[PDB]
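Chemist: What would the 3D arrangement of this be:
(chains A, B, C, D, E, F and G)
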Amino acid sequence: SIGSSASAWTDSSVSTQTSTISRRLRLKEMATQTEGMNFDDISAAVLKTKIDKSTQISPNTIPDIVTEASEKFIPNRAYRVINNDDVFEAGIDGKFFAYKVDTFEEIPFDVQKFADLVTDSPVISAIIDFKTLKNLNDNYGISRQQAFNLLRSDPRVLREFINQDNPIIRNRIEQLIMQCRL
Amino acid sequence: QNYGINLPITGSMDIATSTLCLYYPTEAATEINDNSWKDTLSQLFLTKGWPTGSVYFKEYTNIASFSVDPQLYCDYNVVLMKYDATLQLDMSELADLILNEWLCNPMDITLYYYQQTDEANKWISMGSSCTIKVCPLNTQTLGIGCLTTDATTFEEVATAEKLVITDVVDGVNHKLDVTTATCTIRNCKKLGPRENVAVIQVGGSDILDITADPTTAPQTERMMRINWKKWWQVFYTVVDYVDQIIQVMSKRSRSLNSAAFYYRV
Amino acid sequence: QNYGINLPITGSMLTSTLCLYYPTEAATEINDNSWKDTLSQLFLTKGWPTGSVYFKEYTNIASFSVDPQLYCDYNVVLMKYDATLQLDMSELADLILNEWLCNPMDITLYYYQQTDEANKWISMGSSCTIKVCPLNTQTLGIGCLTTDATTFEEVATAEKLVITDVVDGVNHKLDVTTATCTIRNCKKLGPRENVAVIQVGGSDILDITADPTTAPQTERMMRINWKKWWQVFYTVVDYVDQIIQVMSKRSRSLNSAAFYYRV
Amino acid sequence: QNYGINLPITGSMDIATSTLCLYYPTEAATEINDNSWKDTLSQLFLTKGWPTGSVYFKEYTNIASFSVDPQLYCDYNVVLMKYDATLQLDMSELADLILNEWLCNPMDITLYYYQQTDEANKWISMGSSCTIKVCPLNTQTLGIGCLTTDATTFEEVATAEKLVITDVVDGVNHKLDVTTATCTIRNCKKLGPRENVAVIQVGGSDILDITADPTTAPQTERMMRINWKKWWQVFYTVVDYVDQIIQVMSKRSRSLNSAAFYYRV
Amino acid sequence: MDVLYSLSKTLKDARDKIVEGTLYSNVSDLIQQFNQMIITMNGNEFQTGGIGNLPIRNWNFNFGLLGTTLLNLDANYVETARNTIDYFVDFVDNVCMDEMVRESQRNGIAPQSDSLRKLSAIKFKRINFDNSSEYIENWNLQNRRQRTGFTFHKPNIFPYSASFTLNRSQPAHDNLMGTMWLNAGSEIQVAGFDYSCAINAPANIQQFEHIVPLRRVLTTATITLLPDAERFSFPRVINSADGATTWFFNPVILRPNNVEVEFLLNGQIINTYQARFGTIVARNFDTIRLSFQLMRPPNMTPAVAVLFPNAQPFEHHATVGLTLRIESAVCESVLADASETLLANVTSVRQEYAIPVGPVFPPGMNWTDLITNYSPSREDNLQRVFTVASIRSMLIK
Amino acid sequence: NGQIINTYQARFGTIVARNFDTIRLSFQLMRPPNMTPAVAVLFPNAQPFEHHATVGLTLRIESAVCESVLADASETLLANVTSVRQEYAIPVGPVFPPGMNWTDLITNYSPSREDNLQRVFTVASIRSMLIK
Amino acid sequence: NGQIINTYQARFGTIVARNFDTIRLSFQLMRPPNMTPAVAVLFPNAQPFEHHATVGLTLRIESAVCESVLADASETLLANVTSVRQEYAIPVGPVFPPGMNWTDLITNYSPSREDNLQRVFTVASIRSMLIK
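Modeler: Numbering: from 1, shown residues only, chains lettered A, B, ... in the order given. Below, you will see the structure:
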């Protein structure tokens, strides 16, 4: 297979294989093996808010909306894993990148080690992917704690950035939110 | 976007439920001698892996009547024809008519004078009473074994046959005379292999020829034969091997979403 | 497979058939049989090979609507205005003017509903008369009862061709004399650009879309005026250049039929 | 000096009373039921800005009689035609005859054999009794659905119509037969848009076609429609908006001082 | 090579400073330089030309010196110096004219002309006034394996190639979805057009992308990203790709939604900008990838609602457009510019005497083909010829 | 002098001309041979028209060298001349057009006006070296 | 640069090309004019086919000289680099692709990667002169 040996998760060619790996890894969100916030939390929150605001839905209609929303929401998911000061990230759409936590230097991609480690290791939803992170590290003078928590997607620092109303984080959040539709 | 302009494809070499109709003759219905057999066969197909209510069944009175413009409205079709020791040419015509795509242009019998261009061109006539009489012509439109004004010296090629396929030598015009009130002749050009259907023969001795070409006798894998004495055995056999039958065939290439200006009928 | 249809493509900066549908009225009025030879020879002089032009006859607009059978690649059809037949005229023009994909319906037993604006119910036959009753989630008729048939609501009576629409989204129970008609559920895919309609007298009645607020006039729906059919024939033949420039030829039907069947 | 040799013009892009005739049908005169109405309308036009005695008025007995060589002798003309639900082709012919410049050359029916050259060529026949019968010919002057010596097998194209426009397919000659004692046929070639006139229709349903071209249905701005029940309302409406009517039109381009060898009639 | 630049600069400085009446104590340096140049130059002949119509000329050198006897320059001393100077100027001009035309496939960074090759000998190495000028300094620094640069204004680097790529296409062109772009000079304008106007599009949003490579790495690029492109905003009728039919284009310009501009290097992300218009700064990039989204108006008005019929009949297609301009940039290799006439000098000298096309430069010095398939040998030869051209343009104004 | 020096056919992009004083442009509008419904209708062979056909070329010179003094939009000379002139509301001179309207000056370009322009621009360039 | 330098027609065997960067191959499959029973039947003009026709060319370069550093199967450099790299399980560098997968390195051949390859191969060649 693509990993080190046979396992139930290793079963543009690099892009396609990584996309399949990410699509299968999407199910990890039901495995309680995540750190911090995750995509499904945002989906549930927006579903609750739009249920409360809406009034044109009958009690016979809730199951269909919930079933469709739990699946179709956020097709563009990203995941990143950490190994010895190195970070590998892969996207469902076909994006794949690797970078270091010190100065965010571009790192050549190795599929083998990614498949080796993602099988049994912490996984964190990549709300802040590499594009936003690099733009933030360039255009804004953040400290090491903020960046390290962002790679972990700590709610406190993310909400502090929201308070500061940084245009890049607003753009990322709004792009994520606009995708929430049937 | 727009289809039809076939942009060249480039792949690689590093990679690892629909409608199903079925026809049968009336003799099969009489031999079955049952009412709820349709439900039984549908449930058997459900067991084999098809949805219930997705397997229709039709019927034809006779091989003759089935020949009158044989339509098909299925994504997967298998036609059962009962062999008869005297209608060999009729069976060959039926197979060659329902086995290949036919692209037709209407042809008159009174004003124009029709001819043929290439070996991939044929004449198909269907009707209740088809009597086809032909006469070759020269460059000066004079008489060659038949006079244009006369009509009683034209050579018969097929009389009273419910299906008539005919072909004349390329490079010469020919005049026609046929009852338009009972038969219709259409100028048709053969496109290629129509994979939407298969033919299963009961009894028989490998009679069908799918082309007028002498030197070739292509025994297609879609042409398959069995033997029978009670129709229920044949029905069970054809139901049992559904996987092989569907694997042999494929989707009707002319019915996919690539239809746009692909010379679809 | 794909030469460039819907897939990336890079640019830079004779034997074709021609049919002609004519009503019996023209032939009866002109009262001749040699006119076919005259028209063929005129076409030859214009530059089209002889015998490449077909001619077909229809007794009436109602009869011609019964399962139309296209017989060429390019097509021009003629129709005459009627005092109280504009519905059939427009419906026939729309039907033979756009491509259709129809799923056969077992109307007798089950129920049906459409799915979107691009869905319609098409019915043809010798004598068709449809009656429908809308349903609810309780399976009881609205303004009707599910058992009796007389108390239903008329949509069409004794009509040869019916093109109808309902409130798309809710099931409905229909009824018809099936032994004298046929009903098929169809979806309008796109423009069938190999057929044009020429009006002979009238005031541009045709509408090719069930949308009430949109009713365009394309390049294949024109009008002329007549006093002797020979004038119409001569004008049509002389200006064949414009007509052949208007339509395309890549819309050939994969088989001789008006609308495809379950594809 | 001399005109006609069009020397190219060069401008820049840095810059900031005549005769008016009017026609009406007899039914309008009967419905008016007055004597001094002409003076009233002339004074109204004086109020709107035209000199008195500069607005003539004429009359035509019927749409049929108005069709007999419709002359015009005005620098500004508006023609009022009463719509009728059965003379649609007559109205179309009248509009297409009085709306475009027509350049004609006389044509015989006995000695020569006339034909057509381009799509901008037409045949116009006017007379008290116009019966037009035509017959196409081949290269060898043989018979094609009609014999030259015979005259009872020619196809009618228009009978007893006071106005007749006809066109035949380019590239073939045609022989004629028409009563010269009651009708006149003139070979004419269409020049272009004659802006000296406009057409206003009462009632109607947008029937007029200004060309034999099928694929085009040009609704000119000069073709305008109204609705009526009493003629006085229509007269008041057309008088009120004189400014718009004259602004739509323009001077007769073929009547300016540029006439010299500009192919004026 | 540096010998020629030293000669040209010394001649220009001498023509600048030796004017009537000036005090000698201000041209002592140039007097010593000129005397050394005359001492080393004499006794060695030269030959130039021999190819095409270029005039073959022979050269001699027998001149006096410029002594130190006066306190202020008089007319006669200036006249003598000027008479010598003009002759040396003609010598430099003819040597350059010989050098510019020729080329070589191999060793395309070394001198080729006989006069220049003889000049490169060691016994002439005593004349190098300075290397202050931009091109000569860059050449000298490139001689010793060091990073270089060039201050360029409107540095045309995009080859001219008008092209479009369709995405959805009817056979008769009644339902089109695709992109039109035109890369002229240093100006990129990309337009994304749709016929459906996002009425049948998935999620009512149509995705557009376009990637344009660049053969040479730039730096310090001030990028003016202005929306509402002008190259495709007017009616058009063009031939199809196969050249057997045509199509129409009736455009309406909408608001480009969520404009994404990305600059990459070596296959990684360097600098990104979302939804910013105006002027932005990029520091190091080799590939430009512009992508955005066309958004259907969520609500309309009578005219707008009529203008976008949901059904197939279409008479008004929608399009969004962007404009990419490079108003300033610094490159690592020689390129065409607009602040001088260097490429103009090369083209004029090539065409004036009709040298037959060699094995490197495509005929006529058409910049499109020259920049199309960029190869290091071609770049080196162009660098040498441009250095010689800049030498010429620093003598004749 | 009416003689052809530099010629280029279908060379869109960047071209160079060595020495010229007259520009002659010729292009041909050709009706497309084969059509499609839209263009097949929008160009009728009859009289009335809804859309006219036109082709166009944009020619821009980016850099040049002249043997005589000329103004440019890439320097600060003509602005200096007009600013100094309007500084004290001098009456219009007997040579230069009023207010240094550049179009009026370049219209009837006279050798005397050329010499005066050369002197004025040289003096302006001398002045521009100091006031920074 | 899209310009023809070396061309050879029907020269099978050994040919030499002096300086090239792009290879264009064109060949034509022609139906034989006259036939014999076997080939006369095995190529039917009808639809069904039992054997397809194909032609093919094998082009192999045996020796070449390049102006930049390139690996080869006739020396022992890339093997030295990969052996030294995997000797101590070094984390993948920010330039070279993982594990010196030669295809991955040659895919996006960058000038920086070229310079790094040159330095590494030079150092390896220095090392190979001693350990015998």
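Chemist: okay, which residue is most central for the chain?
Modeler: Looking at chain A here, since you left the chain open. residue A:126 (2.7 Å; Cα atoms, centre = their mean).
Chemist: should've been chain B
Modeler: Taking Cα atoms, centre = their mean, chain B has its central residue at residue B:98, 1.7 Å away.
Chemist: Against chain G, how distant is that one?
Modeler: Separation of residue B:98 from chain G (Cβ to the nearest Cβ, to the nearest Å): 15 Å. Backbone N, C-alpha and C define where each C-beta goes, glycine included.
Chemist: swap in residue B:146?
Modeler: As judged by Cβ to the nearest Cβ, residue B:146 and chain G stand 31 Å apart.
Chemist: Spit out the contact partners of the residue lying closest to that residue once chain neighbours are set aside.
Modeler: Taking Cβ to Cβ, 6 or more residues apart in numbering or on different chains as the measure, residue B:146 lies nearest to residue B:135, with 3.9 Å between them; neighbours along the chain are not counted. Taking Cβ atoms under 8 Å, 6 or more residues apart in numbering or on different chains as the criterion, residue B:135 is in contact with B:144, B:145, B:146, B:148, B:153, B:154, B:155, B:174, B:175.
Chemist: Between the residues you listed, which sits nearest residue E:198?
Modeler: Nearest to residue E:198 among the contacts of residue B:135 is residue B:174, at 56.5 Å by Cβ to Cβ.
Chemist: what's near enough to touch that closest one?
Modeler: Contacts for residue B:174 were tallied using Cβ under 8 Å, 6+ apart; they are B:113, B:114, B:115, B:134, B:135, B:136, B:137, B:168.
Chemist: Kindly recompute the last result at 10 Å.
Modeler: Counting by Cβ atoms under 10 Å, 6 or more residues apart in numbering or on different chains, residue B:174 makes contact with B:113, B:114, B:115, B:116, B:123, B:134, B:135, B:136, B:137, B:154, B:166, B:168.
Chemist: One more: residue B:230?
Modeler: Under the criterion of Cβ under 10 Å, 6+ apart, the contact list for residue B:230 reads B:31, B:32, B:236.
Chemist: can you pull out the strands in the stretch 51-200 of chain E?
Modeler: The residue ranges that make up the strands of the stretch 51-200 of chain E, judged by DSSP state E, counting those that start in this stretch, are E:57-59, E:150-152, E:163-168, E:177-184, E:187-194.
Chemist: want to throw those strands into a markdown table with mean neighbour count and distance to residue F:27?
Modeler: Output for the strands of the stretch 51-200 of chain E, formatted as a markdown table (neighbours: other Cβ atoms under 10 Å in any protein chain shown; distance: least, Cβ to Cβ, whole Å):
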| stretch | mean neighbour count | distance to residue F:27 |
| --- | --- | --- |
| strand E:57-59 | 13 | 44 |
| strand E:150-152 | 18 | 32 |
| strand E:163-168 | 19 | 21 |
| strand E:177-184 | 21 | 18 |
| strand E:187-194 | 23 | 22 |
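Chemist: Of all those strands, which one is nearest residue D:22?
Modeler: Closest to residue D:22 of the strands of the stretch 51-200 of chain E, according to Cβ to Cβ: strand E:187-194, at 51.4 Å.
Chemist: Strand partners (parallel or antiparallel) of that closest one?
Modeler: On the basis of DSSP bridges, the sheet neighbours of strand E:187-194 come out as strand E:177-184 (antiparallel), strand E:317-331 (antiparallel).
Chemist: for chain G, what are the nearby residues on the stretch 151-265 of chain B?
Modeler: With the criterion set to Cβ under 10 Å from any Cβ of the partner chain, the stretch 151-265 of chain B comes near chain G through B:190-193, B:210-213, B:215-216, B:218-220.
Chemist: So which of the contacts of residue B:174 is the closest to chain D?
Modeler: Each of the contacts of residue B:174 was checked against chain D using Cβ to the nearest Cβ; the closest is residue B:113, at 16.7 Å.
Chemist: give the contact list for the closest one.
Modeler: With contact taken as Cβ under 10 Å, 6+ apart, residue B:113 is in contact with B:137, B:141, B:148, B:173, B:174, B:175, B:176, C:50, C:51.
Chemist: Quick one: the contacts of residue B:135 as JSON lines, columns for secondary structure too.
Modeler: What follows is those, written out as JSON lines (DSSP: H, G, I helix; E, B strand; the rest coil):
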{"residue": "B:144", "secondary structure": "coil"}
{"residue": "B:145", "secondary structure": "coil"}
{"residue": "B:146", "secondary structure": "coil"}
{"residue": "B:148", "secondary structure": "coil"}
{"residue": "B:153", "secondary structure": "coil"}
{"residue": "B:154", "secondary structure": "coil"}
{"residue": "B:155", "secondary structure": "strand"}
{"residue": "B:174", "secondary structure": "strand"}
{"residue": "B:175", "secondary structure": "strand"}
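Chemist: what about the helices in chain A?
Modeler: Secondary structure of chain A (DSSP state H): helices at A:13-25, A:39-53, A:62-72, A:111-118, A:130-139, A:144-152, A:155-164, A:167-178.
Chemist: Surely residue E:78 touches residue E:19?
Modeler: Yes: counting by Cβ atoms under 10 Å, residue E:78 does reach residue E:19; the two are 6.7 Å apart.
Chemist: What is the subsequent helix or strand relative to whichever helix or strand the residue nearest to residue B:146 is part of?
Modeler: Counting by DSSP states H and E, the element that carries residue B:135 is strand B:131-136. Once strand B:131-136 ends, the next helix or strand along the chain (criterion: DSSP H and E) is strand B:155-159.
Chemist: Who are the packing partners of that next one?
Modeler: For strand B:155-159, the packing partners by 3 or more Cβ pairs under 10 Å, 6 or more residues apart in numbering or on different chains; DSSP states H and E come out as strand B:121-127, strand B:131-136, strand B:163-166.
Chemist: List just the one of these that sits closest to residue E:37.
Modeler: Residue E:37 lies closest to strand B:121-127 among these, at 90.9 Å (Cβ to Cβ).
Chemist: Using CSV, write down the CA coordinates of that closest one.
Modeler: As requested, the backbone C-alpha atoms of strand B:121-127 are provided in CSV (Å, rounded to 0.1, in the frame of the first residue of the first chain):
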residue,chain,number,x,y,z
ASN,B,121,-24.4,1.3,-47.2
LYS,B,122,-27.6,-0.8,-47.2
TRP,B,123,-31.3,-0.6,-48.0
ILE,B,124,-33.9,-1.5,-45.3
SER,B,125,-37.5,-2.0,-46.1
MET,B,126,-40.2,-2.6,-43.4
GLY,B,127,-43.9,-2.9,-43.8
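Chemist: List the strands paired with it, with their directions.
Modeler: Strand B:121-127 has the following strand partners under DSSP bridges: strand B:163-166 (antiparallel), strand B:183-193 (antiparallel).
Chemist: which of residue E:78 and residue E:19 has more neighbours?
Modeler: Of the pair residue E:78 and residue E:19, residue E:78 is the one with more neighbours under other Cβ atoms under 10 Å in any protein chain shown, namely 16 against 11.
Chemist: Can you report how many residues lie near residue B:205?
Modeler: 9.
Chemist: Quick check: buried residues in stretch B:110-118?
Modeler: Using 16 or more other Cβ atoms under 10 Å in any protein chain shown as the test for burial, stretch B:110-118 gives B:111, B:112, B:114, B:115, B:116.
Chemist: pretty sure residue E:112 is in contact with residue E:98, am I right?
Modeler: Yes: Residue E:112 is in contact with residue E:98 according to Cβ under 10 Å; the separation is 9.4 Å.
Chemist: Between those two, which is the more surrounded one?
Modeler: Neighbour comparison, residue E:112 and residue E:98: the larger count goes to residue E:98, with 25 against 15 (by other Cβ under 10 Å).
Chemist: what's the closest non-adjacent residue to the more buried one?
Modeler: When the adjacent residues along the chain are set aside, residue E:98 lies closest to residue E:48, with 4.2 Å between them (Cβ to Cβ, 6+ apart).
Chemist: Which residues of chain A lie near chain E?
Modeler: A:72, A:75, A:97-99, A:104-109, A:130-132, A:134-135, A:138-139, A:167-168, A:170-172, A:174-175, A:178-179, A:181-182.
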